[PDB]
Each structure stands twice: as C-alpha cells, then as structure tokens.
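Close look at the chain arrangement
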Amino acid sequence: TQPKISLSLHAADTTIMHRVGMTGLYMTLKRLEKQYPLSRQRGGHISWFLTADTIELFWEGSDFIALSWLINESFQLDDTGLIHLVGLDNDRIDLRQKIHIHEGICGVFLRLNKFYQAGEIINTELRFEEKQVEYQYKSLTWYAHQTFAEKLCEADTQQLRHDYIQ
DNA sequence: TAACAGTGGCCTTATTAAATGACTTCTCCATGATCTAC
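Residues numbered from 1 in each chain as written, not as in the entry; some residues may be left out. Chains lettered and ligands numbered in written order. Part of a larger assembly, values for the part shown. Heavy atoms only, no water.

A closer look at a nonpolar patch on the surface
Rule in force here: Patches here: salt-bridge-free residues with over 30% relative accessible area, like charges joined within 9 Å, nonpolar side chains (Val, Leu, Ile, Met, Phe, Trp, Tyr) joined within 5 Å. Note on areas: these come from Shrake-Rupley sampling with a 1.4 Å probe, and a residue is covered only by the protein chains present in the view. Between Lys or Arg on one side and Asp or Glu on the other, a salt bridge is scored when a side-chain nitrogen of the former is within 4 Å of a carboxyl oxygen of the latter. A run of DSSP states H or I qualifies as a helix once it reaches four residues; a run of E qualifies as a strand once it reaches two. Both are numbered from the N-terminal end. When a residue's accessible area, from a 1.4 Å probe over protein chains only, is under 20% of the maximum for its type it is buried; when over 50% it is exposed; and in between it is partly exposed.
On the surface, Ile-16, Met-17 and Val-20 cluster together into a nonpolar patch covering about 340 Å² of accessible area. Tracing the chain through its elements places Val-20 in helix α1 (residues 16–35). Take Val-20: its relative accessible area is 54%, and that puts it in the exposed class.

Below, the structure is given as structure tokens:
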C-alpha cells in the first residue's frame, strides 16, 4: 500500500546526521527482521522494505502502538543495566566493548539526567592476565530513546504528528 | 754575473656533560518539571 514513513538518502533536506540516522534505522531493521521473520510477530504488523538508499515502513492499526513496539525493541536494557542496541550484534561483542559503547552514549548523547534515570553503580571484576579488574559503570533504568514514541505521536488520537517536533 | 729559500718530530694526554621542583588555578550547564502570576 502506501508507506506511512518513507526515508531516502537522496532527499535534499537531509544533513549528515539525518543520513547516519537512516543508516542506524536500516541496521536495526535488518537485525529485527532476522529476530522476527514474520510480520505477525511484530506488534502492529509493522513491516519494512529496505533498499540500498531507501527505507519504507508499513503498519496497520494505531501508529502509536507500532512505533512504540519498534522503538522499544530497538533500544533495550539488559539485566546489568547497560544500553542494548539491537542494531549492533550484541552476542558477538564482548562485555568490555559493550560497557565502552554504553559509557560513550551516556557521556555524549545522554549528557543530562533529564533524559535518563540512573540505577546503582554496578561493579564487575573480569579476570585479565591472571588479574581481576573491577569495572564500575553507572547502570540505567530508562533513557529518552526508549520512550520517544510518545513524542512522535499525538497524545489524543495516538497518530503520527503532521507538524514539526521540537 | 750563481745557488740555495731547511733538513725532523710531534698537533694533547684525563675528566666530568648537570644537579630540584613545579607540567594551571576559576567560571561561564542544559533542560524539563514545577511555582507562580496574569
């Protein structure tokens, strides 16, 4: 039918950050499609058609439900409280690099406590060359990326906004 | 008017090439929930 969200690298109004964002969405969608082969499994029957330089999203029912499902599945938190982006191959990456990525995101994007709720300071002692070194990182319980779906959709009609979002 | 215009041997031997301590101090935050006044 008609895609509800269409994104292209050839759009003339996009900057570098916009294109990097479409690339991240493309990687996340590839990983999700590997995780959820059937569109019925995905909330709202959300389905996508990915090309070399275009992203199109189709879904049924309320826009808020489908967007919330996609965003919640895209941005996750593991048991330890680290940022778990399903766009990246998290099983293949080790714990130290995951901690590095989480700390970088928390120090660059989530600079402000207004956009994350901090948990306890989790300490882990991983042995290295017959020596156990204690990594101490700030675990999280929520960050704005998880619940931006509310800002993407209208409060009452629960549909995609037709205006600009600040 | 001439024939010479120095023949030698050396051209530094030692020793030490830095010892200290300092390697910026402050401040200017951004953003949303809430208080509050109109």
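From this point on, the discussion continues.
Digging into unusual backbone geometry
Positive phi, close to 55°, is recorded for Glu-130, a residue that is not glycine. Residue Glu-130 is classed as exposed on the basis of its relative accessible area, which comes to 63%. Of note in this structure, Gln-158 is not a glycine but carries a positive phi near 55°. For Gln-158, the location among the structural elements is in the segment after α4 (144–152). For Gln-158, a relative accessible area of 33% gives the class partly exposed.

Notes on the packing of α1 against helix α2 (residues 63–74)
Threshold: The axes are straight lines fitted to the C-alpha atoms, using for helices just the contacting stretch, and the angles between their N-to-C directions are given from 0 to 180°. Any angle that is under 35 degrees is reported as roughly parallel, and any over 145 degrees as roughly antiparallel; angles of 65 to 115 degrees are reported as roughly perpendicular and all others as oblique. Here, residues are in contact when the closest pair of their heavy atoms is within 4.5 Å. Three classes are used, and their members are as follows: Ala, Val, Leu, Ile, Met, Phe, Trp, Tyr, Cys and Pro are nonpolar, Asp, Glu, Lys and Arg are charged, and the others, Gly among them, are polar.
Relative orientation of the contacting elements α1 and α2 amounts to 95°, with a least axis distance of 11 Å. Looking at the two axes, α1 sits roughly perpendicular to α2. Contacts from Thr-28, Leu-29 and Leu-32 in α1 reach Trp-69, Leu-70, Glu-73 and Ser-74 in α2. Among the residues forming the contact of α1 with α2, the class breakdown is 4 nonpolar, 2 polar and 1 charged.

Examining the pairing of strand β6 (residues 116–127)
Note on strand geometry: in a regular strand, side chains alternate between the two faces of the sheet. Short version of the rule: Paired strands, in this sense, are two strands between which DSSP finds at least two bridges.
Pairing between β6 and strand β7 (residues 132–143): 10 bridges, direction antiparallel. Bridge assignment links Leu-126 to a residue of β7, and that residue is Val-133. In sequence, β6 turns back onto β7 through a hairpin of 4 residues, with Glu-129 there showing a positive phi of about 55°.

A few points about the pattern of salt bridges
Applying the stated criterion across every chain, the model contains 3 salt bridges. For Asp-78, the salt bridge is made with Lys-98, and the minimal N-O distance between the two is 3.0 Å. Here the residue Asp-78 occupies a position in the loop between β4 (75–77) and β5 (83–85), and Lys-98 occupies one in helix α3 (residues 95–108), the gap between them amounting to 20 residues. Of the two residues, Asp-78 and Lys-98, neither departs from the other in class, the shared state being buried.

Focus: the sheet that holds strand β3 (residues 54–58)
If you walk across this open sheet you meet the 3 strands as β1-β3-β2, and the pairing is antiparallel. At either margin of the open sheet sits one strand with a lone partner, and together these are β1 (5–8) and β2 (47–50). Geometrically, the sheet is characterised by an average inter-axis angle of 10° between neighbouring strands, direction not taken into account. Two elements, β1 and β3, share 4 bridges in a ladder whose sense is antiparallel.

Focus: the nonpolar core
If you look at soluble globular proteins, the nonpolar side chains tend to sit buried side by side. Where we set the bar: We call a set of buried residues a nonpolar core when its members are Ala, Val, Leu, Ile, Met, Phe, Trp, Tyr or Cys and they connect through side-chain atoms within 4.5 Å of each other.
In terms of nonpolar packing, the biggest core is built from 19 residues, with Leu-29, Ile-46, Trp-48 and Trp-59 touching the most fellow members. For this core, the secondary-structure elements that each account for two or more residues are α1, β2, β3 and α2. In terms of residue count, α2 provides more of this core than any other element does, 5 residues in total. When neighbours within four sequence positions are excluded, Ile-46 is seen to be in contact with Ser-39, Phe-58, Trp-59, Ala-66, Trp-69 and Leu-70. Formed by 7 residues, the second largest nonpolar core is a distinct cluster that contains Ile-83, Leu-110, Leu-140 and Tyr-143.

Things to note about the side chain of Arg-42
As for its position among the elements, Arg-42 is in the loop between α1 and β2. Apart from the residues lying within four places of it in its own chain, the contact partners of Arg-42 are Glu-33, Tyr-36, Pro-37, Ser-47, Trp-48 and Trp-69.

Quick notes on the packing of aromatic side chains
How we decide: Stacked, edge-to-face and tilted are the three classes for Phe, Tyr and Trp ring pairs, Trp counted by its six-membered ring, which pair at centre distances within 6.5 Å; planes under 30 degrees apart are stacked, over 60 edge-to-face, the rest tilted. Placement of a charge over a ring requires the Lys NZ or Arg CZ to be within 6 Å of the ring centre, with the centre-to-atom vector within 35 degrees of the ring normal.
Counted according to the given criterion, the structure contains 1 aromatic pair. Seen from the ring of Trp-48, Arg-42 lies directly overhead, with NZ or CZ sitting 4.0 Å from the centre.

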